[PDB]
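**Q** Whatever this is, show me its structure:
(9 chains, ligands or ions: 2)
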Amino acid sequence: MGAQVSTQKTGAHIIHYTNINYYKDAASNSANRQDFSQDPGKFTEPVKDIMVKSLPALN
Amino acid sequence: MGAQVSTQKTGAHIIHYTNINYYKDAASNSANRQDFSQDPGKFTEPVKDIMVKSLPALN
Amino acid sequence: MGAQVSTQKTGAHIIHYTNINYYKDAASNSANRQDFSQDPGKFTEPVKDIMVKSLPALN
Amino acid sequence: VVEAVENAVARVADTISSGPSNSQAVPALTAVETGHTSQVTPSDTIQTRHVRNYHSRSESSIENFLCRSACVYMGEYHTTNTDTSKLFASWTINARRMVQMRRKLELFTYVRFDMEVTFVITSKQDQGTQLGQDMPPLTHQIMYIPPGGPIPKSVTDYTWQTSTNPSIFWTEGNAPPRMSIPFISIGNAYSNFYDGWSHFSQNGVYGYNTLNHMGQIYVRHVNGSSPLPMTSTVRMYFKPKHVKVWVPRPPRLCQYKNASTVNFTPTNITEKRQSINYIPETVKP
Amino acid sequence: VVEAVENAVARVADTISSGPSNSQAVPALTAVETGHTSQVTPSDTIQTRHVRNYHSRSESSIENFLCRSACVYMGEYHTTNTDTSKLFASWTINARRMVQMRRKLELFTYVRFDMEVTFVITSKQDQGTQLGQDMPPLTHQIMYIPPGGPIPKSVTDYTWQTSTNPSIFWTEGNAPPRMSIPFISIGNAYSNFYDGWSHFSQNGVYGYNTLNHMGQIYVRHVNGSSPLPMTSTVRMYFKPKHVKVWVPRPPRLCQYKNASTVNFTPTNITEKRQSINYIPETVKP
Amino acid sequence: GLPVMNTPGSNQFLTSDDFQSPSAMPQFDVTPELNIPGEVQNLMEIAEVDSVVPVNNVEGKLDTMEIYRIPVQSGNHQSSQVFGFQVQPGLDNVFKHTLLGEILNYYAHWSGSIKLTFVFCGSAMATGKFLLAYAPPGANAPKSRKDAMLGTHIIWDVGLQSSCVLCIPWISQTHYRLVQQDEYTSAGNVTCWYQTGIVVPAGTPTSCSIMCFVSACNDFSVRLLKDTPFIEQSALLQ
Amino acid sequence: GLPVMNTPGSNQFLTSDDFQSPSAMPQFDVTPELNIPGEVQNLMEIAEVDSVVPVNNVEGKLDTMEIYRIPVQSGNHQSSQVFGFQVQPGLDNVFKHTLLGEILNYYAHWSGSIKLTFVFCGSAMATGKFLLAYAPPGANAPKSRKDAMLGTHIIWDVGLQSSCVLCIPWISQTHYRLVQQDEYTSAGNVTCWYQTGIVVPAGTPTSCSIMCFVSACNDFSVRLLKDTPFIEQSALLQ
Amino acid sequence: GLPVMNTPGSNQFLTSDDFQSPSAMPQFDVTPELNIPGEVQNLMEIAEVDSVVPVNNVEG
Amino acid sequence: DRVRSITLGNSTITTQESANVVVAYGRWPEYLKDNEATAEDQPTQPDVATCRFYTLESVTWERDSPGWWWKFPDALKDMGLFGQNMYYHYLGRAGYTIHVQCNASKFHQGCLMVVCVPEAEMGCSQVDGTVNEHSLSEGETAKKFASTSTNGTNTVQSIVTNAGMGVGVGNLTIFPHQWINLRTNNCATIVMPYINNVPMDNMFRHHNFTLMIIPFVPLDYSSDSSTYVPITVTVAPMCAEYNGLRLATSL
Ligand SMILES: CCCCCCCCCCCCC/C=C/[C@H](O)[C@H](N)CO
Ligand SMILES: CCCCCCCCCCCCC/C=C/[C@H](O)[C@H](N)CO
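**A** Numbers count the residues shown, from 1 in each chain, chains lettered A, B, ... in the order given. Ligands and ions are numbered 1, 2, ... in the order given. This is the structure:
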């Protein structure tokens, strides 16, 4: 029946849930809360020549 | 259980939905919104002898 | 559909139930009523040297 | 059991790259007298770049164009009155009294579909010098009568027994009622235009009213109540589904006059401008 | 058919154990003039123990940061009045009148998403010397009008037929209405800032109001009633979903002035203290 | 029973929803389908059919056939412009009541290329050449043949083939323009000029007319349905 | 129909729920996605960008650029402290309107290490050394170089590389501290002292300035969203 | 929609029920579990610990 | 490591005291491709006649200077064939290389911030008023910030601490930027791709980005060092494209 089973948010130191889509448009679907990606170098390291961080910056 | 799973409308540059029929008559079913066919030549090109469009129309 | 089937509480001298999770967070799940473990020795026998109970305690 | 159904989206054509040309092929020269519309593209007449077009003609299909609820009738009826006919509402079914849905349907000569019918019912306390009472919630009855059925005479007529006619009972405060209706016509399709007569001697009734004949609707209060007068309004909404249409027609230019005819007053082709060369200046300091 | 989808949680980096050092590697010496932010950790500058860090950056993602309902408009309208325009409410759609949602959205230059729209509607008996009546439950109609649609003139205008415009009908006492809206803009994304003009001669309308153009909302009572006056208030709430944003910006410092501009009054950088060395004593008997 | 919980949106009537509903006529038997000619599947199919444009929409001609005829004549008239108009397929008076404009007025957004066909209806002995030009927006409309010469244009030679097609290509910064066009979504203008002139022999009329058809190309589409402003009523039974 | 039973919570509107809902525009066709530069995926990405700190926030300078400049000069000034402030990244005036503080003020809990970068903006002929120290909480703030010498510190030597980084490491008894910090979740202080002194040749200015940037490390996170106290209004249309 | 029918017991609040319920804090990230000594799993464990009895419970 | 050369068209820039180069968001300029295009006519690509360095007018960095800004484009609408192509077309697209130069001796001191701001919408110094086009830009001449609050009709509220936008100026580091520290380097270089929400746009109506130059540490020197210290800007467009040829517009 086109069900999806995925894991729930838990802690660290029976845990999954099921979902069905009812509507014909994807703009009716619930929010996408479980996607956690990053790419910080876009803003923190926007330079042409790579800087090693153990070497001096200049010279 | 006679379920149907088909794809949702999305854009270009988890996406499917499920449906069950409950009633005995097909006049109770929901609308057929995802069928996109065309045949424009019925109205734009209703001539007996085919016209090539790179050749002159007459002569 | 990610269903779980487990046994019901009965007596001693057709007996199982099904469950589905609907929400994305595990803090929304129902209570965990069917887990029965014990470790009483933590409070009743907290001694370094083991006492046999058929032998005298001292000497 | 699950069954996968694959949907094919239909996007529009790309444009192909094209360079200079000097030849005898003349794509731009045609002859409209043939009744043929030219199938030329920009790439035949200018130099073009390659474009990948992702647009879709999804919202201009007939089903998406027609599958939206529209009002087709409004009527009123009272809980108490001295006329005996103002206590229930009744009408003959069609889609010819509200101009928007009518004009939309009339772009095609023949149509065939099923319907989803919704009703919206509201009530109000009639104006008076003495107000204030305690009424229970009002209940409403809607009965459909196919042609040849007995007609009610009053609000206590035996005909409201509805033994074989379908009826809806409803209470105020709940969601609006709804039901679906199949394609019911003695022909193979509904006809929006009929250039003919009802009698074999070429007289009688002309045009649309010869062919429709699809019964009536009656609506009443059920409580039989109201020490102080009250008024209710019922509105009907139509939504077609599983649609097919044939023979497109030019859209209506003149304003409608009545629901029985296509009669009209002569209207202009468009509105005027100052000159055949006139175009306004918009780039000024 | 069942299909398993695996979710990857992304926790933060551990800290590695580090001992004494005496070398030529200088992690602490940098040069900000390059435009580069230093990627040093505590393990480069001190001696550290090994820690297994289990914390997650889940609640600071864009989707979790933005997917919460927020009020964007409030308005009132009466059941009876002598002004003919106080019987319905209407406004132009945007998210610029309530400062919290506006400032939150304005951390980014461009945004794109779908919306979930909720309405909250309340009513009240107007103050008067003569109170007390028996009214049925009130019903409300909400109609959305895309640009170019006909505009209602009163509460009995024909335009409330809503043949093609989407509308909601609702009765007091039920759950609040709700519907979802897709990404609707002629561009590839919504624009929060626009440093340009509407006219090709670099004049006309400046900034945001050139690009939005997303229709209006109208709301009325349906009963057409009330021997004694009453007032209703409608509030709108927005929640974005399936979000993407581009080009972060510094957050707003000055207080907002109006909804059309970015105009402001000069404000200080922060608040003052006694001295550049001042730090209060907190360990005292 | 099964425990549930109602969400916002319960018990409302949205006029564009799509749900299942009970039939008031169980097991009704419908009339078989007949294969009638001329079945329509998409509204764009109607938009690709040519229709005549009322270019001569000046005072005194709004109710006559002369509204469709563009006049031309022999002699030295190189300085006189033949016609010009804005490219606003759903808003301008010249285009709003043609088939294409009528279809567009049910929608809010449009995109694609447009075809204009021009036919010469003079006697078989008249000859001449015309220049048909289209200018993208950003400047005022040309006031001479020399300025219009710099845009996108075609030089039409009247001969045994009587019809020439000028294609307006989609040149725009956005993917879609508003059907209710403003300064921001403008699209430019079209103008016509005498390239050589009309020459005739003795015994022939000296004045003639040209006609103009409009249609949509195969890259064309619309979106965002709305009600049309061309039909109205004051009360029921109309 | 199927027998059911409603539970507590039916027919409420929670502003942080996540349910499915009907579309008021069936089969709408959205504009294709464009690949714009600079896409943001997490708010922490903004928090790792350095931003200038208004350390000199004394009376008379709140609306001038001098608020960003820390003053130093030559001569015997070993007894004078250069600067000092508390480590309260979301509450103290020194930190609350920087990028990091602005992000934190939308949240209730924070955790992680912090980076402070110091840049020397004197002439190319000035030399000197500074001591930068950080003291965990539990005692009052040091009043001399000798006391501050006992904490976590770095000795910065001004040279061709103009920037030194002092890292404040996460030393805490709890996993998280409150953004609205109190006595219980305190974190200590930072101070600066002259290690040798500033020496210059003839013909050079004798006074100079130092600037300070703040950012977050790669072990940093926040939680428990809340509304910010920095924006407000009295009525609609603002 | 799907036809249903409500049974007795709808819309009541029983203080010993066990149902699912929506979270007012979606995707909250909890503090990791620490292994503290002395975890209790059953009340009977407390009942097997000896305690002194006040046998001489007379006046004064 | 500190030497650099940049060649574009028939123009070349050398430098001996540079720091590095900033690529705005790790994205280099590039031409528009087919699966992202909407306009249908074939475009023109001049490619050496437009993609070359143009130098604007210099400003004088005084002891009390609040700062300067320029708007792009419209600072290059009178620069040769780039400007001429701008006049004749409806749609244009281009990225840029920006280079800022300021040299001084080892006895001067000062610190400048050089920042590029996309869609820098500005506010008026009358709260219920709007700006004129002249107040936003004077072509190749720079506009000047103030050190106090401003008055006047149709003019921009230009006190330097709020940067004309109602933010804290010390946060402008979220944008692409470099610093010129007089003891460290003598030039800054920023490479900026095309950044918009549509694939092409009209170059007269819309300012794509603003260049801001703000001294954080004022210029200071001693007894008889040089007093005149100028700053110079030089910008080169990259991957320039135009669509929609018609008659030339006029402002
Ligand atoms: C108990 C409530 C029952 C409601 C009865 C509603 C039935 C309506 C009559 C069915 C036929 C309507 C189908 C459309 C009629 C016309 O053919 C079209 N408007 C176009 O010709
Ligand atoms: C029958 C009830 C229908 C309710 C109609 C609500 C439609 C609201 C308009 C849709 C567009 C809203 C999406 C967000 C708009 C702006 O782009 C954002 N606030 C940021 O710019």
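**Q** Tell me who's in contact with the residue of the stretch 101-250 of chain I found nearest chain H.
**A** Among all residues of the stretch 101-250 of chain I, residue I:174 sits closest to chain H, at 25.9 Å; criterion: C-beta to the nearest C-beta. (Each C-beta comes from the backbone N, C-alpha and C, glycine too.) By C-beta atoms under 8 Å, 6 or more residues apart in numbering or on different chains, the residues touching residue I:174 are A:43, E:248, E:249, E:250, G:46, G:49, G:51, G:99.
**Q** Would you convert these into CSV that also reports neighbour count?
**A** CSV is the format used below for the contacts of residue I:174 (neighbours: other C-beta atoms under 10 Å in any protein chain shown):
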residue, neighbour count
A:43, 21
E:248, 20
E:249, 22
E:250, 25
G:46, 26
G:49, 21
G:51, 23
G:99, 25
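**Q** Residue of chain A nearest chain F, please.
**A** Counting by C-beta to the nearest C-beta, chain A gets nearest chain F through residue A:24, at 6.7 Å.
**Q** wait, that residue sits on residue F:19?
**A** No. Using C-beta atoms under 8 Å as the test, residue A:24 is too far from residue F:19 to be in contact (11.0 Å).
**Q** where along the stretch 51-200 of chain D do the helices fall?
**A** D:62-66, D:99-105 (DSSP state H, counting those that start in this stretch).
**Q** Counting by contacts, list what the shortest one packs against.
**A** In other words, helix D:62-66. strand D:230-248 (3 or more C-beta pairs under 8 Å, 6 or more residues apart in numbering or on different chains; DSSP states H and E).
**Q** so what strands line up beside the strand it packs on?
**A** strand D:70-78 (antiparallel), strand D:108-125 (antiparallel), strand F:39-40 (antiparallel) (DSSP bridges).
**Q** Pretty sure residue E:62 is one of the things residue A:35 touches, is it not?
**A** No. Applying C-beta under 8 Å as the test, residue A:35 and residue E:62 come out as separate, 9.7 Å apart.
**Q** So for those two, which sits in the more crowded spot?
**A** Each of residue A:35 and residue E:62 has its neighbours counted (other C-beta atoms under 10 Å in any protein chain shown); residue E:62 has more, 22 against 14.
**Q** ok, that one - contacts?
**A** Residue E:62 makes contact with E:243, E:244, E:245, G:40, G:41, G:42, G:43, according to C-beta under 8 Å, 6+ apart.
**Q** hmm, which two among these are most spread apart?
**A** Maximum pairwise distance in those, criterion C-beta to C-beta, is 14.4 Å, between E:244 and G:43.
**Q** which of the helices of the stretch 51-200 of chain D sits most buried?
**A** Ranked by mean neighbour count, these are led by helix D:62-66 with a mean of 22 (mean count of other C-beta atoms under 10 Å in any protein chain shown).
**Q** close to ligand 1, is that helix?
**A** No. Helix D:62-66 is not in contact with ligand 1 by C-beta under 6 Å from any ligand atom; minimum separation 10.8 Å.
**Q** I'd like the strands paired with strand D:230-248 as CSV, with mean neighbour count and distance to residue F:110 appended.
**A** Output for those, formatted as CSV (neighbours: other C-beta atoms under 10 Å in any protein chain shown; distance: least, C-beta to C-beta, whole Å):
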stretch, mean neighbour count, distance to residue F:110
strand D:70-78, 19, 24
strand D:108-125, 21, 22
strand F:39-40, 19, 20
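**Q** Make TSV from the ones you listed and add distance to residue D:151 to it.
**A** Listed next are the strands paired with strand D:230-248 as TSV, based on distance: least, C-beta to C-beta, whole Å:
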stretch	distance to residue D:151
strand D:70-78	16
strand D:108-125	21
strand F:39-40	39
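**Q** Relative to residue G:59, which of these is closest?
**A** Across the strands paired with strand D:230-248, closest to residue G:59 is strand D:108-125 (C-beta to C-beta), at 66.4 Å.
**Q** Any idea how many residues pack against the residue lying closest to residue D:192 once chain neighbours are set aside?
**A** Spatial nearest neighbour of residue D:192, chain neighbours left out: residue D:106 (5.5 Å); criterion: C-beta to C-beta, 6 or more residues apart in numbering or on different chains. Here the number of neighbours of residue D:106 (other C-beta under 10 Å) works out to 19.
**Q** Now for residue D:106: which residues touch it?
**A** Going by C-beta under 8 Å, 6+ apart, residue D:106 touches D:192, D:193, D:249, D:251, D:252.
**Q** Closest to chain H out of these?
**A** Closest approach between these and chain H, by C-beta to the nearest C-beta: residue D:192, at 33.4 Å.
**Q** residue ranges of the helices in chain A, please?
**A** Counting by DSSP state H, chain A has helices at residues A:41-44.
**Q** Near chain H, which residues of it? Just list them.
**A** A:9, A:11, A:12, A:13, A:33, A:34 (C-beta under 8 Å from any C-beta of the partner chain).
**Q** before we move on, the earlier item: next up, the contacts around the residue of chain A closest to chain F.
**A** Residue A:24 is in contact with B:8, B:9, B:17, B:33, B:34, F:18, G:26, G:27, counting by C-beta under 8 Å, 6+ apart.
**Q** mind checking which of the strands paired with strand D:230-248 is nearest residue G:94?
**A** Of all the strands paired with strand D:230-248, it is strand D:108-125 that lies closest to residue G:94, at 62.0 Å by C-beta to C-beta.
**Q** is the closest one up against ligand 1 anywhere?
**A** Yes. In terms of C-beta under 6 Å from any ligand atom, part of strand D:108-125 sits within range of ligand 1, namely D:111, D:115, D:117.
**Q** What are the boundaries of the strands in chain F?
**A** Using DSSP state E, the strands found in chain F span residues F:2-4, F:39-40, F:51-52, F:70-73, F:83-86, F:107-111, F:114-120, F:129-135, F:152-157, F:163-168, F:177-178, F:189-194, F:207-216, F:221-225.
**Q** So which of the contacts of residue A:24 is the closest to residue E:181?
**A** Among those, and counting by C-beta to C-beta, the member closest to residue E:181 is residue G:26, at 11.8 Å.
**Q** How many residues are close by that closest one?
**A** 27.
**Q** Could you do the one 4 residues further on as well?
**A** For residue G:30, the tally of surrounding residues (other C-beta under 10 Å) stands at 20.
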